[PDB]
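Since the structure comes first, as structure tokens, the remarks are kept for the end.
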Amino acid sequence: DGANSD
Amino acid sequence: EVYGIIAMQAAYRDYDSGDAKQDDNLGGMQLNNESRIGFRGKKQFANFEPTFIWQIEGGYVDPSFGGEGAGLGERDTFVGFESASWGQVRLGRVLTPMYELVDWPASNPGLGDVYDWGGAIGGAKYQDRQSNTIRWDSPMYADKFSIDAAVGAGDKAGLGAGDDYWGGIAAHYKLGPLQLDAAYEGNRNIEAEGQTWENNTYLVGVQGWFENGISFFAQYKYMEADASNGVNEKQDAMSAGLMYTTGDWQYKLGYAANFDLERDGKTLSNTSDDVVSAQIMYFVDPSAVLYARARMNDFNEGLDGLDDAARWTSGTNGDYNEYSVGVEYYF
Amino acid sequence: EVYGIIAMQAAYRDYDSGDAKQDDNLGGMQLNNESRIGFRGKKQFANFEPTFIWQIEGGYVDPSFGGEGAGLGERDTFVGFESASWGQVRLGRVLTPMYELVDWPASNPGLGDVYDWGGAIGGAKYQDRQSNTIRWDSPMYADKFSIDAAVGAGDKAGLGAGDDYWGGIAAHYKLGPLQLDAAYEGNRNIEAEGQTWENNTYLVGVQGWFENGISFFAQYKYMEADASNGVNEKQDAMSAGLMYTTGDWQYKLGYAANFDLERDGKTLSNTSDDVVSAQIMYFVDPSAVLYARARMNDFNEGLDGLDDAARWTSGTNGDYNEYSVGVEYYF
Amino acid sequence: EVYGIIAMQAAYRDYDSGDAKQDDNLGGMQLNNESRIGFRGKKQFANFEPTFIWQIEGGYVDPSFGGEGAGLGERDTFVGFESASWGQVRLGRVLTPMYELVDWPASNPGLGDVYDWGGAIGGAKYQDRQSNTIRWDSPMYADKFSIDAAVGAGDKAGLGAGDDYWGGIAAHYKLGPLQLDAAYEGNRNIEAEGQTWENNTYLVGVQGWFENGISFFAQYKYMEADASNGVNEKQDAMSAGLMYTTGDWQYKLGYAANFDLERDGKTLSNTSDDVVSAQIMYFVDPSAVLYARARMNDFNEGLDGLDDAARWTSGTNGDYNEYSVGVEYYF
Amino acid sequence: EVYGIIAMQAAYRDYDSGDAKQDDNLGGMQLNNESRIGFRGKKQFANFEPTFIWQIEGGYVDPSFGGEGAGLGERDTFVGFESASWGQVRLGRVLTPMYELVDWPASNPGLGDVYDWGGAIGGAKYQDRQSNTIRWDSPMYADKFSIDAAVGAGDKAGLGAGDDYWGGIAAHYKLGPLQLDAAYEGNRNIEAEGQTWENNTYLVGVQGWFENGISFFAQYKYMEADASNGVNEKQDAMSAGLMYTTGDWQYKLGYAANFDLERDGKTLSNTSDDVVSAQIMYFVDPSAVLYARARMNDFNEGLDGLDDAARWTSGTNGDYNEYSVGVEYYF
Amino acid sequence: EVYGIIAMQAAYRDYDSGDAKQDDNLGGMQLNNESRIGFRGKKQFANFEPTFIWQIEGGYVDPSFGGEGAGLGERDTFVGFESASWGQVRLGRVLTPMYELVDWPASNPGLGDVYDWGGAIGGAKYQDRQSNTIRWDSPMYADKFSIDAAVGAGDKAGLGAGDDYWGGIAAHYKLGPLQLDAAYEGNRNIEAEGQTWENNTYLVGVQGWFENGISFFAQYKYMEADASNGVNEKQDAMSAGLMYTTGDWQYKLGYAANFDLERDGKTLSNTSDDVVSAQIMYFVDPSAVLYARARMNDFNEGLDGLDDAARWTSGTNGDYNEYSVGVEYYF
Amino acid sequence: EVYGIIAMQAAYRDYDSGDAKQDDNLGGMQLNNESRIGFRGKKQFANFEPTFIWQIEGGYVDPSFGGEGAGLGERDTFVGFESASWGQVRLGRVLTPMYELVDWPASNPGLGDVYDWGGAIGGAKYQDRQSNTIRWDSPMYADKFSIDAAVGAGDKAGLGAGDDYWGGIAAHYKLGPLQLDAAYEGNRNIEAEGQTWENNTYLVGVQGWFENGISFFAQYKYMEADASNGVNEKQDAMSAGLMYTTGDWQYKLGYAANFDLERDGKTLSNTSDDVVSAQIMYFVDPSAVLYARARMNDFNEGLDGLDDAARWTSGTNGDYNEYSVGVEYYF
Ligand code: NA
Ligand code: NA
Ligand code: NA
Ligand code: NA
Ligand code: NA
Ligand code: NA
Ligand code: NA
Ligand code: NA
Ligand code: NA
Ligand code: NA
Ligand code: NA
Ligand code: NA
Ligand code: NA
Ligand code: NA
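Taken in sequence, the protein lines are chains H, B, E, F, D, A and C. Counting in PDB author numbering, the first sequence runs from 1 upward without gaps. Counting in PDB author numbering, the second sequence runs from 20 upward without gaps. Counting in PDB author numbering, the third sequence runs from 20 upward without gaps. Counting in PDB author numbering, the fourth sequence runs from 20 upward without gaps. Counting in PDB author numbering, the fifth sequence runs from 20 upward without gaps. Counting in PDB author numbering, the sixth sequence runs from 20 upward without gaps. Counting in PDB author numbering, the seventh sequence runs from 20 upward without gaps.
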């Protein structure tokens with residue numbers, strides 16, 4: 001789970 | 020107790036970014052090692068009726084596009100108390116009531132680039148796993164219906180660099196073989212793009228598991244956002260999956276999409292994403308699965324934020340296809 | 020063996036720094052998750068009488084004002100040998116005999132901003148947890164008095180980026196219900212502000228525990244510092260606490276202050292810090308505590324270093340008060 | 020299972036780099052704390068005959084020249100399958116078949132500065148423990164002969180920042196008291212020094228253990244490299260060690276050398292390094308060793324790469340000698 | 020003597036306010052007749068050295084957006100004394116030292132909506148023409164340097180409905196072809212928005228006239244404001260103009276802007292204004308000019324005061340453009 | 020009469036397109052032979068007062084990136100009539116009133132890739148040299164002000180494959196050492212990308228020449244376009260150059276940029292280009308110049324048209340820098 | 020046989036068109052009398068195995084917004100043949116496979132203004148009831164699945180004023196308590212807006228009735244159209260309803276929407292409709308129902324067709340709400 005934002 | 024998920028994925032990605040060298044760099048074969056270790060325990064304090072609970076989960080030990088090594092605490096890490104009557108509260112780093120539904124069932128298989136952290140809206144559509152959080156999970160009242168509720172500090176506030184905060188709520192109703200899902204999250208005081216944002220996201224969804232071997236999920240996601248200069252932004256999304264489970268095999272078809280973003284009532288062209296995904300899974304053991312997966316990501320073409328710079332999205336790196344096999348083992 | 024300290028503190032910080040935006044950023048509610056996991060063991064080697072000991076302790080998994088995730092090795096992690104007559108020797112990463120007394124009892128409750136890493140003196144007043152260290156802990160001779168002694172490399176030397184080094188010594192003496200403590204630490208070859216410093220810190224203190232339930236500590240700390248261009252710095256500090264433990268409760272009052280810094284004999288005005296703190300602690304279980312705490316930090320008003328630039332202190336960010344509740348559980 | 024190696028080395032280095040300050044910074048006493056914790060397991064899947072294996076090993080918790088703390092996943096961390104019939108398959112982060120012989124036996128004692136990551140060739144001589152790797156280790160056929168074979172992505176490809184990749188193979192044959200060894204590695208699409216390289220390394224070596232207590236190893240290494248603008252580099256290296264083990268004692272003499280690099284047929288002056296090393300080891304317990312070690316490193320005096328800038332080597336930081344004692348304990 | 024300025028402006032305004040009807044009402048063709056008649060005289064009293072001076076100037080006889088008719092006394096109207104040695108003192112209705120520079124040169128051509136009475140700050144940035152004022156004008160000492168200084172009652176105090184008051188000072192220094200300008204004004208006891216304000220405004224500026232016909236001005240305006248409930252406000256502004264005079268023509272390009280308002284350290288988004296303006300002027304006679312002018316005003320989009328209602332600004336009515344020709348005649 | 024321009028430019032291009040092979044193909048040393056021969060004449064008809072004029076100009080005889088050889092008529096080729104009273108009328112193939120200003124001075128030196136045919140807008144921002152054209156050139160009324168006016172057939176209409184057409188007008192005003200420039204062009208019935216476009220382009224600019232040897236030009240370009248499916252596009256551009264002329268030498272700095280394109284209110288990210296250019300020119304003879312030139316082009320990253328296919332721009336081939344020396348001789 | 024539906028609806032409409040009087044005319048209370056009489060028969064011809072069937076149904080005798088009076092033949096009116104083995108063929112005036120699914124279940128309750136004849140697409144999305152139609156209805160093969168297939172002349176062809184025609188097919192599948200619906204229709208040679216169109220509509224849908232009293236339907240509609248001048252249009256719509264039936268009561272919630280129309284790749288802003296509807300129905304008799312219903316229609320804001328004139332939609336007349344009671348009786 002979680003993201004990869006930037 | 021020590022626990023883990025041993026999870027390995029061999030993924031080949033074919034990119035179409037408009038830059039040759041970039042296609043060569045981003046694409047190729049990688050190992051995506053999402054294995055993680057955790058420690059957790061309960062404790063009945065002598066002078067407190069609710070039982071003490073705690074967990075420390077590590078991060079992915081070697082994900083794709085990243086270096087090796089994960090620290091303890093990168094994933095769900097918390098303290099809390101739980102009771103039979105009123106459920107459990109958790110303090111620390113947890114999933115948002117909304118995000119848990121965005122991630123499972125709606126981000127599997129490989130729908131996350133579009134539906135999880137994809138999308139073009141400004142501000143913060145929702146959090147995904149936040150530190151500085153208090154979260155309440157009610158029991159399954161009447162073994163039919165449950166509530167998840169949380170408030171927490173924001174990303175910048177957790178560094179002493181801001182005053183963002185957020186609250187969220189989610190509810191589920193069991194109806195025979197169906198599960199109805201509804202969720203909301205509102206983020207406040209978000210500093211980004213030279214503005215201060217407020218976000219409001221809404222989600223409705225259904226899950227079904229049937230004795231005939233068919234199971235499905237579908238979600239509709241509505242995100243609004245408001246900047247401090249009067250600009251309003253809107254984007255909608257959806258995700259659905261269709262599954263046939265026979266014997267030791269699961270056929271799964273997945274589709275997810277973000278639709279055109281609206282800025283101040285004007286539709287922005289080509290700000291949409293969608294992904295189509297197919298997956299064959301083998302229940303190799305009651306505690307493990309093998310799987311093969313192929314997916315197609317079609318991303319937006321880009322958009323400017325409110326600071327006259329490009330706003331990052333999951334499409335910035337370009338459209339791509341991915342073919343993968345993998346293993347997941349739980350202990 | 021595996022061991023852990025599960026520690027969560029919900030702390031509200033109210034800043035009054037002279038900038039309302041900065042006050043909003045630094046202040047607010049945060050969760051300070053100081054939970055850590057460690058591994059340790061003993062082992063009797065067949066061909067060596069003194070017993071082998073080792074420990075590897077993890078860092079705080081999610082502190083306030085910081086990101087999530089901590090590695091193994093961030094806290095006390097060492098190898099060493101122990102014998103009944105001559106004590107234990109440890110090589111690796113451990114606290115210096117000086118720091119261990121500044122930390123306990125003198126930094127509790129919430130006095131650390133002033134008495135731990137606070138102060139305006141230049142160079143390196145003392146180390147805290149230090150790698151590349153050898154430390155000897157004497158036994159409690161005659162059940163009356165103990166010695167702690169260590170030498171080690173400095174912060175820069177541990178990267179091959181300096182030749183700093185340090186030594187320290189501390190002693191404890193039991194006199195009925197009182198324990199007298201004295202400590203020294205000298206840091207050498209400290210590169211800062213374009214100079215090369217020598218630090219020498221001296222500490223004496225008393226702790227008492229009485230059968231009537233009152234407990235107290237009091238310490239006086241004296242820091243001298245010498246830059247390589249001839250400047251001399253001196254700063255005095257103090258810390259004291261008074262606590263009453265009755266039944267399942269400990270009421271605690273704490274006060275600590277550093278007094279105005281003296282550079283080349285001139286005391287610099289308004290460079291003093293002090294903190295007052297109140298803490299209610301509840302022994303919720305033999306292995307855990309609950310607590311609520313309030314403290315007021317009034318920091319120094321600023322000073323320049325020897326490069327005519329501002330010198331960082333714990334006051335750089337501004338005065339603040341803190342209200343907090345918390346839990347700590349050991350296993 | 021949880022397993023660990025508790026490994027501490029106190030090592031003093033006296034450098035001779037041509038700069039007094041540089042000699043001062045890099046030299047001195049340091050602790051090389053290579054302790055590490057790992058998790059490991061097997062599992063018999065219900066619907067797959069070969070046993071599933073996995074391991075997650077943490078990194079060095081506090082090595083010399085580095086800060087404290089290591090994550091889970093930094094060392095051998097993988098999933099895989101094994102069968103008695105065809106050996107073992109491993110996916111993840113493992114040693115390359117070439118590197119495994121370079122490291123053991125040929126890099127011990129303290130020969131690594133020269134024979135492991137030393138050398139002047141351009142590109143990448145071989146990888147040492149690489150993520151995104153699939154590796155087959157065959158069983159020991161006829162209790163005599165084994166094969167190691169692996170392919171994997173390169174350093175830059177593992178970040179989505181390249182298309183580097185590599186393949187390698189190694190073989191061993193046991194012949195009474197001697198074992199003959201051969202290894203190969205080819206690295207491709209290596210982007211460095213403004214060019215793109217192909218590397219090819221070959222290794223042959225012998226190990227011997229005798230009933231009278233003499234043991235030895237000897238290795239010869241040949242590395243070729245070709246840039247995309249036609250430049251060719253070639254370099255020779257060797258490694259040997261001789262040991263007499265009597266009772267609780269192992270005496271070791273070690274030697275390794277790189278010879279002058281040849282670029283476009285031209286031998287480059289002073290591109291050779293060598294190390295001579297002697298080590299005394301004590302088997303203090305079935306699970307631990309104590310050791311004292313001294314070694315002298317004579318490094319190359321410098322060379323420029325194909326961008327007319329200095330090419331980094333293990334000699335860049337200067338020649339140095341090292342005296343060290345240490346302990347390693349396994350559990 | 021009787022004197023007048025005969026000044027007529029035909030202006031077409033196109034508003035862009037976000038409301039149709041409002042664009043209809045506020046916009047259109049209008050005649051803005053700023054003609055005014057005045058009387059003034061001097062008198063040398065027999066028993067008093069400084070010469071008595073007095074003036075009574077009428078208001079605009081039919082400005083745009085207003086009805087027709089003006090009283091005698093609406094503009095600069097005063098008594099005073101003047102001497103060659105110490106300058107002149109004026110009691111009555113006069114411009115404040117600060118305002119006079121804001122108006123000229125900094126509000127021409129058509130820069131007034133932004134730089135004259137525009138801006139978002141609370142309280143009262145400055146007075147303009149103020150009754151109940153005493154103002155001293157020093158002579159041009161050494162034909163090089165001059166002072167303007169004034170104190171006066173505030174808008175509410177002049178009706179017996181308050182105790183607001185203010186003081187201000189301005190200076191000019193001639194440096195060859197340049198004139199350096201600085202001005203300050205402080206208003207006190209300003210009752211607005213349920214609070215009591217203090218404003219402090221500062222100004223620096225330069226003017227130049229060059230022998231080839233180039234002239235320019237540029238000013239920087241700094242506005243501070245402090246409410247009695249602890250709120251602090253800050254806004255910066257600027258104005259600049261470029262001029263070429265040859266023969267019977269003057270070309271003028273003008274720009275001015277207010278920047279976003281900063282409240283309690285936090286910047287408010289899009290509380291900035293700016294105006295661009297071009298004007299062509301024909302010197303039709305030594306006593307008159309004809310002129311054509313076009314300008315575009317982009318105003319802030321709105322903001323609330325400290326009573327949570329919209330705070331009126333120069334933008335409240337909406338952005339607009341204006342094209343105008345006009346005539347001015349002096350006698 | 021015969022006339023010619025003998026023009027040779029030796030130019031090196033270094034490309035950065037994202038593909039090394041393409042970078043190698045497009046880049047390298049080339050000779051750009053822009054020589055052309057022409058014929059022209061006047062003739063006074065016996066029965067027509069205005070003087071008959073005609074010209075036939077050949078194309079570049081060997082431009083870079085093209086094959087050798089050019090025909091008579093590829094450049095300015097026309098008939099027309101002249102009178103001292105009403106100027107000159109030309110029928111045939113001429114530069115459009117706008118393009119003539121785009122090219123000179125605004126495309127020199129080497130700003131043409133950005134400012135001439137660069138840009139992303141759909142349809143046709145303007146024609147450049149256009150056949151099937153009628154163009155009127157007014158005299159310099161009052162030696163101050165002139166008009167250029169033209170109407171003509173479109174690219175497809177001149178092949179009988181469409182009904183595109185265009186009109187354009189430009190005006191120049193002398194203001195001492197300045198020349199004011201305003202131009203407009205409208206193209207209609209333009210078929211592209213499956214749509215039918217209308218373009219409207221506007222330009223304002225100023226050029227100045229000063230007696231001390233400084234000269235400059237500055238231009239601002241505004242292009243809007245409307246497709247038949249209702250899509251509207253808007254893009255801005257600018258170009259400016261600064262020159263110091265001393266003796267036999269002219270120093271030149273040039274800059275031009277296109278800004279991000281606007282489609283239906285959406286800004287398209289990274290569709291802006293810009294170029295900086297430096298040039299030294301030698302007046303080798305009253306009829307010839309030598310020059311050296313260096314320039315850097317930063318192009319847009321691509322965009323799709325309204326047929327969902329890539330829209331060609333001068334950025335299609337990739338960013339590049341250019342170093343060049345050249346000669347031009349007029350006879 | 021004589022048969023009838025006696026049906027009266029009392030409906031109050033409140034309009035919001037932006038024009039009073041327009042709101043006043045369209046709004047108010049009306050009676051919508053959809054009562055109708057029909058005659059039917061079966062007949063076994065002596066010399067033809069399939070049974071002859073025929074029907075003649077009259078129209079609504081007095082609908083709202085229309086005059087009184089209906090003839091025989093305005094609704095489903097046909098001759099045909101039926102067989103147990105292959106189903107029935109009908110010639111005459113019938114519902115098209117597709118319209119039947121749009122009308123029932125998807126246009127109830129009061130969803131028709133949006134989902135039936137609503138929509139902005141040009142051409143003819145589908146036919147509804149059409150003359151000159153032959154329609155085949157398959158039997159329910161295996162008590163699971165049925166096929167509907169029909170072809171017919173178009174609206175203009177039935178008056179001898181055109182050559183339009185159409186074909187369509189629909190299929191139904193029983194899956195336990197669910198019915199899956201899929202349908203298609205294509206219209207050809209459709210003359211409108213000065214063009215000749217082809218339309219293609221696709222629909223998928225699901226209906227469910229469950230033993231616990233809940234029933235639901237959901238439909239997805241995708242309409243494409245292509246003009247003879249090459250313009251292409253696309254539009255989406257959907258419809259869903261939720262029903263809980265307990266005893267003599269039915270609660271119904273209905274929602275339908277058409278989404279923004281896409282023309283030649285451009286999204287047309289505000290060309291979407293949606294309606295939400297609630298209905299309470301009382302089963303007043305085995306042959307009759309009473310009902311009360313409320314709905315909200317929010318229609319599109321307008322669009323022009325391909326003749327540059329407004330294209331008529333159900334939104335032309337304005338937004339409105341409707342509150343209504345009604346009765347239906349069958350005999
Ligand atoms: Na990786
Ligand atoms: Na976050
Ligand atoms: Na829950
Ligand atoms: Na904060
Ligand atoms: Na001790
Ligand atoms: Na270290
Ligand atoms: Na590597
Ligand atoms: Na092996
Ligand atoms: Na790659
Ligand atoms: Na006033
Ligand atoms: Na004055
Ligand atoms: Na050529
Ligand atoms: Na053309
Ligand atoms: Na049917």
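In this text, a Cβ means the ideal position worked out from N, Cα and C, and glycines have one as well.
By the three-class DSSP mapping on this structure, what secondary structure does residue i have?
i, result
"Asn127(E)", "coil"
"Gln63(C)", "coil"
"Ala275(B)", "strand"
"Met117(B)", "helix"
List the DSSP bridge partners of residue i.
i, result
"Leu309(B)", "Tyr301(B) and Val346(B)"
Between the options, which lies nearest to residue i when the distance is taken from Cα to Cα?
i, options, result
"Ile188(C)", "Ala180(C), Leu194(C), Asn289(C) and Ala169(C)", "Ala169(C)"
Under a Cβ-count criterion, where at least 16 other Cβ atoms within 10 Å of its own Cβ denotes burial, should residue i be classed as buried or exposed?
i, result
"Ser83(F)", "buried"
"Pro196(A)", "exposed"
"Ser296(E)", "buried"
Is the region 79-93 of chain E in contact with the region 80-96 of chain F, if contact means three or more CB pairs nearer than 8 angstroms?
-> yes
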